[PDB]
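Student: Quick one: structure below, then a few questions.
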Amino acid sequence: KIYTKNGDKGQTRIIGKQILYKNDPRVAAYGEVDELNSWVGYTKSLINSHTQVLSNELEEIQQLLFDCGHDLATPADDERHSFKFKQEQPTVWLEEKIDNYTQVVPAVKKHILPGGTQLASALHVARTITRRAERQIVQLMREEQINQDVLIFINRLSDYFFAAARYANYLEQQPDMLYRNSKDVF
Amino acid sequence: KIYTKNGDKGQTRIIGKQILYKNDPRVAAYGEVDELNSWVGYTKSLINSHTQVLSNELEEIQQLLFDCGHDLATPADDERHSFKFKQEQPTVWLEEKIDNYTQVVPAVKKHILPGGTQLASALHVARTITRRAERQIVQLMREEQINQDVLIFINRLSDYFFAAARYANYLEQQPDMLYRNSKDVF
Amino acid sequence: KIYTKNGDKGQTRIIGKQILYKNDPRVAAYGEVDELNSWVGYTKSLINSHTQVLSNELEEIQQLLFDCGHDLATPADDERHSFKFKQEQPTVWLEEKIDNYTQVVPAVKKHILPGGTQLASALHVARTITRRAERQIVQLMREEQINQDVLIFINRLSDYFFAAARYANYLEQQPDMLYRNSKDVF
Ligand SMILES: Nc1ncnc2c1ncn2[C@@H]1O[C@H](COP(=O)(O)OP(=O)(O)OP(=O)(O)O)[C@@H](O)[C@H]1O
Ligand SMILES: Nc1ncnc2c1ncn2[C@@H]1O[C@H](COP(=O)(O)OP(=O)(O)OP(=O)(O)O)[C@@H](O)[C@H]1O
Ligand SMILES: Nc1ncnc2c1ncn2[C@@H]1O[C@H](COP(=O)(O)OP(=O)(O)OP(=O)(O)O)[C@@H](O)[C@H]1O
Ligand SMILES: [K+]
Ligand SMILES: [K+]
Ligand SMILES: [K+]
Ligand SMILES: [Mg+2]
Ligand SMILES: [Mg+2]
Ligand SMILES: [Mg+2]
Ligand SMILES: [Mg+2]
Ligand SMILES: [Mg+2]
Ligand SMILES: [Mg+2]
């Protein structure tokens, strides 16, 4: 039975079982990561024949976001519970994709309108939810020690979603629109 | 004319007409409930022939979320304005659905990736927005008396969305994926 | 290379290059506007033959939201960097659309369930994200001078999304549902 009712007065438990209010910065941080993970699942459900090449990596991101959320739910001071997420191989893996997707699509110097195909648009939504989760992770960092590797990966991840969004448009022959007042920023 | 312009400097009114800033915790709480309600409307628009059995209950949730938001917009101390939402029958109704949907789908012991079909994925998005609204309701509770029945229902509602999401996948013969590092948690 | 890694410890730059934490109210404000802009791109991707008349204006909103975000990223005190967004013509343009869409659809006196077609439902999601961004803009205003024209436009914009959502339902012969406990509020 998934409903325990223990949360009905607004408190809940983190890893190690201590109790926090649900609006605690820590709970908010891994809560936003869960929201992002759910949005990535929604984004993956929009994949079509033209965009199947993106499916595996989005599922892999979902697995990695669970690892990130686990670590955000882990208090530094309880030595019974270790951080598990190590940024190097995940983050390199993102960077390789950012480099290959940047190479393939038409180069721009301006910001672009976040949109195009339904999948590209969903990848821009993922980009911005990732950045919202990142803000909450930084909130938490300013009050508690965190696994800083999670922050590295989450920062890189929104660049991945930008590059993937442009690639998704490319895969369906949809051009990106430029912001009509962009200075040359890239 | 829906635009009054009275909010153009960032203030607005709650039930009873007092004026608050738009970033007041109370406004944020029922604002997040409105966002959830809109997402539930979007989720319902994704229903297909295979998933029609979910339509009625999602519309009912929308009506209940208006009742919740009304109460969150109601200050305790103004006796002219009563709380209207009573948790027992709504919450029991959710629990019956959680029990029947839990029964029908394949049992898991691990966390699952939030995704699958477009509708199941949208139900996971609903789950996480509900939880975001819940955090904001708890913020407000820690500063002002609230209708605690709203919090009970909102807590239960995210368990409903989890169970419904798994059921939606079942209705389209889509299995759930396990988190590859989940301990047995359920 | 879009990834600089300068943000990997949670700090970033605004217009004029000063450094802020990513959870700074200013960063959150224009971050929520970026999220809204991405959602408007997603909403536009749902346009069908029946709803093509809405495409141009949603793209125009995306361009205007970049102008708003630019100004939110601009500190008042650095005289090298000017506000660019002027509310009058954008806001009048929204109001004309609100008036024409209000005229055409069936009049209601009660709140409606936010939903209907997939596009109308997405326009209600846009409405509520706009309002979430507005709360964060008001947060920032209460700590720093801002371009108040941005707030005018963002307030009006959520009324636009409400009116457009009802119009989208009308364009596909979908009626709006009333909240079953609404007093006559409009
Ligand atoms: N609103 C929320 N936002 C983010 N994380 C939450 C929220 N509520 C609970 N959590 C976290 O997610 C885990 C799973 O949530 P769950 O809803 O099962 O917990 P609960 O609300 O404390 O209990 P219950 O829902 O059974 O009364 C909790 O153990 C806690 O770590
Ligand atoms: N940004 C917002 N987030 C959440 N709730 C809001 C927000 N702005 C207003 N509210 C609430 O929702 C109701 C309807 O919003 P509405 O936009 O009509 O109000 P307003 O902004 O004060 O007025 P106007 O938009 O006509 O200038 C308000 O009466 C207030 O209770
Ligand atoms: N999480 C965020 N939320 C909102 N705005 C952000 C966030 N991170 C950065 N910004 C803003 O958006 C701009 C573009 O973001 P970008 O991710 O390129 O910056 P960064 O994180 O500081 O650098 P990098 O990602 O290259 O390490 C930044 O210059 C800053 O103004
Ligand atoms: K639960
Ligand atoms: K209004
Ligand atoms: K970057
Ligand atoms: Mg530890
Ligand atoms: Mg970054
Ligand atoms: Mg009262
Ligand atoms: Mg709960
Ligand atoms: Mg200036
Ligand atoms: Mg308003």
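Chains A, B and C supply the protein sequences, listed in that same order.
In terms of the UniProt record's numbering, the first sequence is numbered consecutively and its last residue is 187.
In terms of the UniProt record's numbering, the second sequence is numbered consecutively and its last residue is 187.
In terms of the UniProt record's numbering, the third sequence is numbered consecutively and its last residue is 187.
Note that CB positions come from ideal geometry on N, CA and C, so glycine has one too.
1) Alpha carbon to alpha carbon, how far is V105 of chain A from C69 of chain B? Give it in angstroms, no decimals.
2) Which runs of the alpha helix (DSSP H), 4 residues or longer, sit entirely within the segment 25–111 of chain C?
3) Please list, in chain order, the chain C residues whose beta carbon lies closer than 7 Å to that of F162 of chain B.
4) Starting from the beta carbon of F67 of chain A, find every residue of chain B whose beta carbon is closer than 9 Å, and list them in chain order.
5) With a CB to CB cut of under 7 Å and the five nearest residues on each side skipped, what residues in its chain are close to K45 of chain A?
6) Using only the heavy atoms of ligand 8, determine whether one of them is closer than 8 Å to the beta carbon of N156 of chain A.
7) Going by C-alpha to C-alpha distance, which of C:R132, C:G32, C:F67, C:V54 sits closest to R181 of chain A?
8) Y168 of chain A to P91 of chain A, Cα distance in whole Å?
9) Return the chain-ordered list of same chain residues with a C-beta closer than 6 Å to the C-beta of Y31 of chain C, the five sequence neighbours on each side being excluded.
10) Per DSSP, which one or two residues make a beta bridge with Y22 of chain B?
11) Buried or exposed for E135 of chain B, going by 16 or more other Cβ atoms inside 10 Å?
12) Judging by CA-CA distance, which residue of A:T131, A:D185, A:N148 is the nearest neighbour of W40 of chain A?
13) Measuring only between beta-carbons, confirm whether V34 of chain A sits less than 9 Å from chain C.
14) Looking only at DSSP bridge pairs, what is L179 of chain C linked to?
15) Going by beta carbon distance, what residues of the same chain come within less than 8 Å of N170 of chain B, once the five residues before and after it are set aside?
16) In chain A, which residues lie less than 7 Å from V28 of chain C when you measure between Cβ atoms?
17) Step through the CB atoms of chain B and report whether any lies within less than 9 Å of the CB of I99 of chain C.
18) Answer yes or no: does any C-beta atom of chain B fall closer than 9 Å to that of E60 of chain A?
19) Using the rule of at least 16 other Cβ atoms within 10 Å of the residue's Cβ for burial, across every protein chain shown, is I153 of chain B buried or exposed?
20) Is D35 of chain A near ligand 4, in the sense that its beta carbon is under 8 Å from a heavy atom of that ligand?
21) Using DSSP with H/G/I as helix, E/B as strand and the rest coil, what is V151 of chain C?
22) For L47 of chain C, go through chain A and note every residue whose CB falls closer than 8 Å to its CB, in chain order.
23) To which residues of the same chain is residue 193 of chain B closer than 6 Å at the C-beta, ignoring the five residues directly before and after it?
24) What do you reckon, is the C-beta of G8 of chain B under 8 Å from a heavy atom of ligand 12?
25) Mind checking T52 of chain C: buried by the 16 CB within 10 Å criterion, or exposed?
26) Verify the CB distance criterion: does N170 of chain B have a CB-CB separation below 9 Å to chain C?
27) For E145 of chain C versus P26 of chain C, is the C-beta spacing smaller than 9 Å?
28) Does at least one heavy atom of ligand 4 sit under 8 Å from the Cβ of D160 of chain B?
29) Does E135 of chain C come out as helix, strand or coil in the three-state DSSP assignment?
30) Please tell me whether, using a cut-off of 8 Å, the distance from the CB of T103 of chain B to the nearest non-hydrogen atom of ligand 10 is below it.
31) Within the 9 Å Cβ cut-off, does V139 of chain B reach chain A?
32) Do you know how far the Cα of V93 of chain A is from the Cα of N38 of chain A?
33) Beta carbon of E89 of chain C: closer than 8 Å to some heavy atom of ligand 2?
34) When you measure from the CB of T92 of chain A to every non-hydrogen atom of ligand 8, does any distance come out below 8 Å?
35) Could you tell me how far apart the beta carbons of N24 of chain A and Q140 of chain B are, in whole angstroms, since I believe they sit closer than 8 Å?
Tutor: With the given structure in hand:
1) Position 68 of the second sequence, counting from 1, holds the residue named residue 69 of chain B. Position 104 of the first sequence, counting from 1, holds the residue named residue 105 of chain A. Cα to Cα, the separation comes out at about 49 Å.
2) 26–46, 56–73, 89–105
3) Against the second sequence, residue 162 of chain B aligns to sequence position 161. In chain order: nothing, as chain C lies at least about 16 Å away.
4) To locate residue 67 of chain A, count along the first sequence from 1; it is residue 66. Those within 9 Å of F67 of chain A in chain B are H112, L114, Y180, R181, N182, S183.
5) Residue numbering aside, residue 45 of chain A sits at position 44 when the first sequence is read from its first letter. Around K45 of chain A: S56, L59, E60.
6) Taking the first residue of the first sequence as position 1, residue 156 of chain A is located at position 155. It does: the Cβ of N156 of chain A is within 8 Å (strictly closer) of some heavy atom of ligand 8.
7) In the first sequence, counting from the first residue as 1, residue 181 of chain A sits at position 180. The candidate whose alpha carbon is nearest that of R181 of chain A is C:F67.
8) As a working mapping, residue 168 of chain A is identified with position 167 in the first sequence. As a working mapping, residue 91 of chain A is identified with position 90 in the first sequence. Cα to Cα, the separation comes out at about 20 Å.
9) Here the question's residue 31 of chain C lines up with position 30 in the third sequence. Excluding sequence neighbours, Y31 of chain C sits near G70, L73, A74.
10) Taking the first residue of the second sequence as 1, we reach residue 22 of chain B at position 21. Answer is B:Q12.
11) Start at 1 with the first residue of the second sequence, and residue 135 of chain B comes out as number 134. So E135 of chain B ends up on the buried side.
12) Taking the first residue of the first sequence as 1, we reach residue 40 of chain A at position 39. With distances taken between Cα atoms, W40 of chain A lies closest to A:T131.
13) Indexing the first sequence from 1 puts residue 34 of chain A at position 33. No, its Cβ sits nowhere closer than 9 Å to a Cβ of chain C.
14) As a position in the third sequence, residue 179 of chain C is number 178, starting the count at 1. C:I113, per the DSSP bridge assignment.
15) As a working mapping, residue 170 of chain B is identified with position 169 in the second sequence. So the list reads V106, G117, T118, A121, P176, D177, once near-sequence residues are dropped.
16) Your numbering for residue 28 of chain C matches position 27 in the third sequence. Per Cβ cutoff of 7 Å: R136.
17) Residue mapping note: residue 99 of chain C aligns to position 98 of the third sequence, counting from 1. Yes, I99 of chain C lies at the interface with chain B (some Cβ there is under 9 Å from its Cβ).
18) For this step, residue 60 of chain A is matched to residue 59 along the first sequence. For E60 of chain A, the answer is yes, since a Cβ of chain B falls inside 9 Å of its Cβ.
19) Taking the second sequence and counting its residues from 1, one reaches residue 153 of chain B at position 152. Label assigned to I153 of chain B: buried.
20) Here residue 35 of chain A is taken as the residue at index 34 of the first sequence, counted from 1. False, no ligand heavy atom lies under 8 Å from that Cβ.
21) Within the third sequence, the letter at position 150 stands for residue 151 of chain C. In the structure shown, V151 of chain C sits in a helix (DSSP, three-state: H, G or I).
22) Taking the third sequence and counting its residues from 1, one reaches residue 47 of chain C at position 46. Residues of chain A passing the Cβ test: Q119.
23) The requested residue 193 of chain B is not part of the displayed model; chain B covers only 2 to 187.
24) As a first step, residue 8 of chain B is located in the second sequence; it is residue number 7 there, counting from the start. Result yes, Cβ under 8 Å from ligand 12.
25) Working through the third sequence from its first residue, we reach residue 52 of chain C at position 51. Classification for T52 of chain C: buried.
26) Numbered from 1 along the second sequence, position 169 holds the residue referred to as residue 170 of chain B. Not an interface residue.
27) The residue given as residue 145 of chain C occupies position 144 in the third sequence. The residue given as residue 26 of chain C occupies position 25 in the third sequence. Contact flag set, yes.
28) Start at 1 with the first residue of the second sequence, and residue 160 of chain B comes out as number 159. Within the cutoff, so yes.
29) Working through the third sequence from its first residue, we reach residue 135 of chain C at position 134. Helix.
30) To locate residue 103 of chain B, count along the second sequence from 1; it is residue 102. For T103 of chain B, the shortest C-beta to heavy atom distance toward ligand 10 is 8 Å or greater.
31) Within the second sequence, numbered from 1, the residue matching residue 139 of chain B stands at position 138. Taking CB atoms only, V139 of chain B has a neighbour in chain A less than 9 Å away.
32) Indexing the first sequence from 1 puts residue 38 of chain A at position 37. Indexing the first sequence from 1 puts residue 93 of chain A at position 92. Rounded to whole angstroms, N38 of chain A to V93 of chain A spans 20 Å at the Cα level.
33) As a working note, residue 89 of chain C is residue 88 in the third sequence. Not under cutoff, so the answer is no.
34) Along the first sequence, read from residue 1 onward, the residue named residue 92 of chain A stands at position 91. For ligand 8, not one heavy atom lies less than 8 Å from the Cβ of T92 of chain A.
35) Walking along the first sequence from the start, residue 24 of chain A turns up at place 23. Walking along the second sequence from the start, residue 140 of chain B turns up at place 139. Taking the Cβ atoms as the reference, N24 of chain A lies roughly 4 Å from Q140 of chain B, within the contact range of under 8 Å.
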